[PDB]
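Visitor: Experimental coordinates follow, after the sequence.
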Number of protein chains: 2
Amino acid sequence: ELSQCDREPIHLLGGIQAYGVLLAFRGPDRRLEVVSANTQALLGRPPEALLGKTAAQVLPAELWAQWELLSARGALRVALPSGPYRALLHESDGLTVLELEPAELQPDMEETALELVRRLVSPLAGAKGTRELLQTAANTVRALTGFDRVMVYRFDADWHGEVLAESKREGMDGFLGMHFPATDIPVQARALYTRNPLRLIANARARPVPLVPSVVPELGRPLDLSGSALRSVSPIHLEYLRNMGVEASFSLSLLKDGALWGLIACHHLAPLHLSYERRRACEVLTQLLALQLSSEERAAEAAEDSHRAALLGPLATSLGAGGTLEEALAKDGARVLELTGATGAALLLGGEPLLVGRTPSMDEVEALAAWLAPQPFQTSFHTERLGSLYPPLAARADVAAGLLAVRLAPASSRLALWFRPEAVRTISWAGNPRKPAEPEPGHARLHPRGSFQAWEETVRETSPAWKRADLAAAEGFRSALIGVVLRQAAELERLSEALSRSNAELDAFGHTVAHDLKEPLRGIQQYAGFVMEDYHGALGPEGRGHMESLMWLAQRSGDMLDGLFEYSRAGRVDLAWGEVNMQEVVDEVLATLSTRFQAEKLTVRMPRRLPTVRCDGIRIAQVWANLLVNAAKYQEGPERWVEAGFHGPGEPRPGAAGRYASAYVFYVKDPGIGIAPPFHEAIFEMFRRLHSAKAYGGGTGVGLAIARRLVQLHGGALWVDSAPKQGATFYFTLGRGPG
Amino acid sequence: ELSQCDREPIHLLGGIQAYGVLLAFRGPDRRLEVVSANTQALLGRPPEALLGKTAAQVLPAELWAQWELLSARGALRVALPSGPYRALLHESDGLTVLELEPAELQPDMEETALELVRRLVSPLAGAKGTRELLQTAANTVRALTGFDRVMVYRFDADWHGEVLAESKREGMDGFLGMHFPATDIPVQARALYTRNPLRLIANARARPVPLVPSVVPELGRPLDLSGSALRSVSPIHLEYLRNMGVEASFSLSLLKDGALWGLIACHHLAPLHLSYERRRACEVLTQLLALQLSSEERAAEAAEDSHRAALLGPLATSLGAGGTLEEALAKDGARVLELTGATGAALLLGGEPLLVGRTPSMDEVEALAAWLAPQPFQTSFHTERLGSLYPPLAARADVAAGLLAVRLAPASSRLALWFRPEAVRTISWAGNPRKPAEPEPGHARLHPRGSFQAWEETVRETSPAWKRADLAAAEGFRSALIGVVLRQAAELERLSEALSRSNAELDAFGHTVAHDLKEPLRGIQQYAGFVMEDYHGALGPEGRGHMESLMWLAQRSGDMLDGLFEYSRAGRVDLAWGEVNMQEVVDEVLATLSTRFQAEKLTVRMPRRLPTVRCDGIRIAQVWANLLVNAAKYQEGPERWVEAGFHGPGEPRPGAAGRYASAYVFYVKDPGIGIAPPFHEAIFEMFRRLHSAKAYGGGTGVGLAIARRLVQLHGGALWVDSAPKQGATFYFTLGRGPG
Ligand SMILES: */C=C/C1=C(C)C(=O)N/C1=C\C1=NC(=C\c2[nH]c(/C=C3/NC(=O)C(C=C)=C3C)c(C)c2CCC(=O)O)/C(CCC(=O)O)=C1C
Ligand SMILES: */C=C\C1=C(C)C(=O)N/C1=C\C1=NC(=C\c2[nH]c(/C=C3\NC(=O)C(C=C)=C3C)c(C)c2CCC(=O)O)/C(CCC(=O)O)=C1C
């Protein structure tokens, strides 16, 4: 920036303060080439003639008594006929630089300075907070320097700083709680202050002392004074101080690590000068303060992050505990809002967005959801001034001041949204930030602000800035728990509803079968009616036989259709508790399956007749037929047979049949392949088989389910004792029935 | 060797090191009550003869001049004819103790006070964590004082000592990693170290100087010396140092909120002296170190807890994705252990125990799991020592010294538990560097192999205490991982049986349509054979017609079955292409639905003649019938008329019909209520009706799905344009079919 401020060079102005004396040396010869003009008082010779001559006779002889140890160390206190002076040496631009300053006069303060500086570390420090540290540091600085006003200036990320602590004298004007514009500190000053910890300005009204010669012959520019301590500041800042009304200034820099955290500023109303040892004490004070501040801020950040993680966890615990995703989220919307300190939570799981708290209206929320897809961000996005970037939503910015968005899915429209409310803030400036300076004709300079009276700027459509902890919480919300639980909850809900539609379709199919089953009955009645009753004689023998075959085929088809309707259909399957001979039903089932038994080489074994029990004959016959079909379907042994019997009251029974102490336990045993004992309860399920569907001469697996349902409806249960290559025995328990 | 060690007092030894001088005063007149034996050299008078003598006479007038200043400040440097002599003053027990020590010969202008503070503090600009803080502090202290060895000791929970950081001169043995029992530093020593922050032993070989009189006349005990800094040392510690071969000692205490935390010890092989400025700087150094340590420990604990919480992140992310809990444990066996910092994880989820890392044998694990059940604990159990409580595992405590268990099932014996070995194999050996020295003392006091052996016996079969962070992490695991895995297993079983139910429903539909095609394969055959049964006019025409009617009914029944084959599934039939006129299909549909149109007062409108398209006649007729039924179902207007038209290639058509760029688009328009544009696609779903199922004379919601499926199978798509109270128009696009 080549504008009045940044364009002005520093550390090359060549201005020297009044009281100092400056000398330069180079090479082993150590001659004089850069000397100030105010040395005539000390040296007693024309400084212009003193340039280049033998230094061995220029400076007073008393200095050479400790010259070597001063060069070894860098600081020296020496008595002169004019008075006791302080001397420092430093190598700048490849040349030795010597300074002479009016030294201190009271030799009784240096020891007390240790006691004074001990007050910052203190028996008590930080027990009440960082504010205590700052105010104690300011008070100690003020007591040490003897100045009037001492303030602490903390820089911001935008390089416009504030003041935190303050120490005052009676009658002065305080500057607590004001914001100064970032233009007050140019880049050159920030660059310089990373290397020179402190500086002093004794007299604002004093004209800077020129340096002779004007420029260095081998450089063409005045010698750098960055490492020195007597450089005069640019007159623009002098005018700034004069307009402020102060007289003398003295500042130190707080370095966190290569970064200017802040300054310690001191002002005065009269000319005043400080000793070297006092400045060293203040430097040590700043060192200690910087150490403590860095440690405390690190601890605070770590504690905040740990607290946010330990708040993230319980959300996962609570979500896992519950079983109603939307309702569980609603009943603890405060927790998710506090997760990042927001007021509106919005969830996008591919369906209707979920809204909690102060949230934008629906139209706005899918307007935003449509957006943020064109905007490229790798994982997440966040902003405070949404209305500026998004004019459409700037209208109702009260509930949509600022936002944060996280890509819930890896790459989709599933986004999590946090909305902040409008926060009203006002800030004070010592002067008008809009006009940091007044231009002058020629644009060679920009005069500083004429006044620094309080001016109020009120911001609108703003919310507190996002903290790093908020970003960490959002990132830990995207994945690393909480994300897994809500992803799986959404999958669970959106597929459980699909399964609900699935059994709804199953019920619809059942109702369709129920209302269509009236057609086979009507067709069978029509086929039976008007035939074989009036035209039976006219049909002849062959006609009557063909009609009988047709009627038998129709009846068989109707019976098969009725049996296939094993579901609920129009009427749920039930049992009629009646005195029906179980032996007769078993014999009828065997006669019906006699052809299958002969084809499968299965012999019906009846060691004893099944006792009669109070149960439906049709249901008992169906259960027996299903059990026989299941036993003979997976029968591979050459000796295939089915043994049917029953254990009554007190009759011996195997362990599996003895599980239920029913009055009657009908057992059918076959020496087939059988099923695994774990699969014995599995085969009883609907359409469950231990072999391939197309194997064992085809199968459906619904017979075992029908038998189990019949047993359950009869007050008992069906248990199959089956072992690998050891045969199978299915026992069904018959209860007393309804009473 | 003396057992009277932890009880013997250090205050009342009545001894002062060789170089110092001590006087005691009492009363307003400041009489003499306690003096040392070195007063003869510095005063030139008999020691005991000065007791009870007036203060002004005995003490030289030089320190009398500064006596009030000495009382005010507390310390003062004063030159005496013999030489410089620093004076200290403090009130011990109602007796004012004055302290004279030989000040160093330096003229105090080499490295004055408050200057060493900067030298010590400057290298502490970094010090990211806590260990490097102590390391750098020890290094810079050894650089400043120049002592041979510097060590840092940290105290354990029960005052066990551990060497943390060592900064040593090259040449001697290193003691980094030591461990000594609490008995090596008695209670009185700890109290003294807490009280004052400095301790210095100038010479180990110096004989202590006695105190005359041997006891105070009044209190009956030797004068207190805790407040002072020249009290003698116990002979046992002198023997300790002599065996160690250490001459002078310098120790700085470390505090934390008033509780002792560690020590900084300095050892030298020869007597040495320290300037008082260095000591006065070291005091401030200790204060600053305590202030730093508090925040550093807080931040370290917070960061450790945060990392423990975040470790659940990747572990949870391992779940959810395809894998088993045991599988994740097997590959992530590494990450699990540092969740509690153990060497072995065991868990009993319901099957055989799972063991990862270092753990006892499986049978012992099962026995321990059985033994845990009687012990009453709600959720968490944990011991640092197991042999004291579990005798069976006491012998093999080397790998199972301590344990931490948490139950998984609320009531059942499902628990997960981490094992930690004894705190003697974890610690790296440091105590016995071999090369034993030539002297061989009793070595019960000699640290080499003397200590670190009692400590081994004191802590054998014991694990480091379960830190609160580890317990919190274990609780978080038990909560979150179980609350995730339970619903993960629920999801697994749920979609398993959902897929099973869907495929079983499809297979049952296929089997049922097979059965309901085989049944009419006999029914229609019987109906046809009934005609040939008569084979003559004997049956008569009318009766024969009845048979014909039955045949038609049979055919109708078959048609119904065919309808079922096209009802539940999308098409359940192979696609075909044929030259079937769309106008003929529309006319046939209108004629079939003529009764329905007359009953519902529906008028068939034909704005244009439907051309001929390459599509199946049956499929086109079914699609048209479904569209007409859907249009007439939701028709509530008085002038309810259905208009059927066709748009060819390049002809004007509605935008919805223009979605599919097909040659022909057949559109059916009705003035009924229609469906919402969002519900236009939802209505196309099978069994999806926007109104009540029983409303509008019943409904199924499968005709639109069938039409959409036919359109999709015909190389096109089916669209519906409808708005609330704006009619509806269903357009089906017909493609060119296969090439
Ligand atoms: C009968 C009691 C004691 C036995 C036990 C013993 O060995 N020392 C006993 C009393 C005191 N020890 C004091 C100082 C001290 N001792 C240790 C022990 C150590 N453990 C180690 O590993 C090492 C080094 C290898 C040592 C030296 C320490 C660490 C200390 C403090 C360090 C120091 O001040 O030098 C003591 C106080 C003496 C005093 O007045 O200063 C007593 C009493
Ligand atoms: C481009 C012109 C210009 C405008 C006017 C302006 O505000 N500053 C400026 C140029 C320079 N000012 C320099 C020095 C300087 N300014 C400040 C500002 C403050 N004084 C306070 O009391 C205070 C509060 C707290 C603030 C923010 C300060 C602190 C300085 C440093 C000098 C002091 O120690 O006071 C400057 C660099 C010259 C130099 O410092 O050597 C330029 C170029």
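Guide: Yes, it's here. Numbering: from 1, shown residues only, chains lettered A, B, ... in the order given. Ligands and ions are numbered 1, 2, ... in the order given.
Visitor: Now do the same contact list for the residue of the stretch 1-150 of chain A found nearest ligand 2.
Guide: Closest approach of the stretch 1-150 of chain A to ligand 2 (Cβ to the nearest ligand atom) occurs at residue A:5, with a separation of 2.8 Å. In this view, the C-beta of every residue, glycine as well, is placed from N, C-alpha and C. Contacts of residue A:5 were listed using Cβ atoms under 8 Å, 6 or more residues apart in numbering or on different chains, and they are A:183, A:186, A:437, A:446.
Visitor: give me the element it is part of.
Guide: Counting by DSSP states H and E, there is no helix or strand that carries residue A:5.
Visitor: if I look at it, how far off is residue A:225?
Guide: Shown here: residue A:5 relative to residue A:225, a distance of 20 Å by Cβ to Cβ, to the nearest Å.
Visitor: domains of chain A?
Guide: For chain A, the structural domains run A:323-422+A:466-486, A:497-551, A:579-734, going by automatic domain parsing.
Visitor: Out of those, the one nearest residue B:508 is which?
Guide: For residue B:508, the closest of these is domain A:579-734, at 7.4 Å, according to Cβ to Cβ.
Visitor: for the stretch 101-250 of chain A, what spans make up the strands?
Guide: Using DSSP state E, counting those that start in this stretch, the strands assigned to the stretch 101-250 of chain A run over residues A:149-154, A:162-167, A:198-201, A:211-212, A:248-255.
Visitor: Give me the helices and strands touching the third one, please.
Guide: It refers to strand A:198-201. For strand A:198-201, the contact count by 3 or more Cβ pairs under 8 Å, 6 or more residues apart in numbering or on different chains; DSSP states H and E identifies strand A:248-255, helix A:276-321 as packing neighbours.
Visitor: any idea how far it is from the chain center?
Guide: When C-alpha coordinates are averaged (Cα atoms, centre = their mean, to the nearest Å), strand A:198-201 and its chain have centres 46 Å apart.
Visitor: ok, now stretch A:52-62?
Guide: Averaged over its C-alpha atoms, stretch A:52-62 has a centre that lies 71 Å from its chain's centre (Cα atoms, centre = their mean).
Visitor: who in the stretch 151-300 of chain A is up against chain B?
Guide: Proximity of the stretch 151-300 of chain A to chain B, by Cβ under 8 Å from any Cβ of the partner chain, involves residues A:257, A:277, A:280-281, A:283-284, A:287-288, A:291-292, A:295-296, A:298-299.
Visitor: brain fart, the stretch 301-450 of chain A
Guide: For the stretch 301-450 of chain A, the residues in contact with chain B (Cβ under 8 Å from any Cβ) are A:302-303, A:305-306, A:309-310, A:312-313, A:316-317, A:320-321.
Visitor: If you rank those by neighbours, which is first?
Guide: residue A:309 (24 neighbours; other Cβ atoms under 10 Å in any protein chain shown).
Visitor: Of the residues of the stretch 151-300 of chain A next to chain B, keep whichever come out buried.
Guide: In terms of neighbour count (16 or more other Cβ atoms under 10 Å in any protein chain shown), the buried residues within these are A:277, A:280-281, A:284, A:287-288, A:291-292, A:295-296, A:298-299.
Visitor: Just give me the closest of the residues of the stretch 301-450 of chain A next to chain B to ligand 1.
Guide: Of all these, the one with the least separation from ligand 1 (Cβ to the nearest ligand atom) is residue A:302, at 32.0 Å.
Visitor: got a list of what the closest one touches?
Guide: Counting by Cβ under 8 Å, 6+ apart, residue A:302 makes contact with B:298-299, B:302-303, B:306.
Visitor: That one and residue B:30: what is the separation?
Guide: Relative to residue B:30, residue A:302 is positioned 55 Å away (Cβ to Cβ).
Visitor: likewise residue A:723?
Guide: According to Cβ to Cβ, residue A:723 and residue B:30 sit 108 Å apart.
Visitor: and these two? which has more neighbours close in?
Guide: Counted by other Cβ under 10 Å, residue A:723 and residue B:30 do not tie: residue B:30 has more neighbours, with 17 against 13.
Visitor: Redo the residues of the stretch 301-450 of chain A next to chain B as CSV? Include distance to residue B:263.
Guide: As requested, these are exported to CSV (distance: Cβ to Cβ, whole Å):
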residue, distance to residue B:263
A:302, 27
A:303, 28
A:305, 33
A:306, 30
A:309, 35
A:310, 34
A:312, 40
A:313, 39
A:316, 44
A:317, 44
A:320, 48
A:321, 49
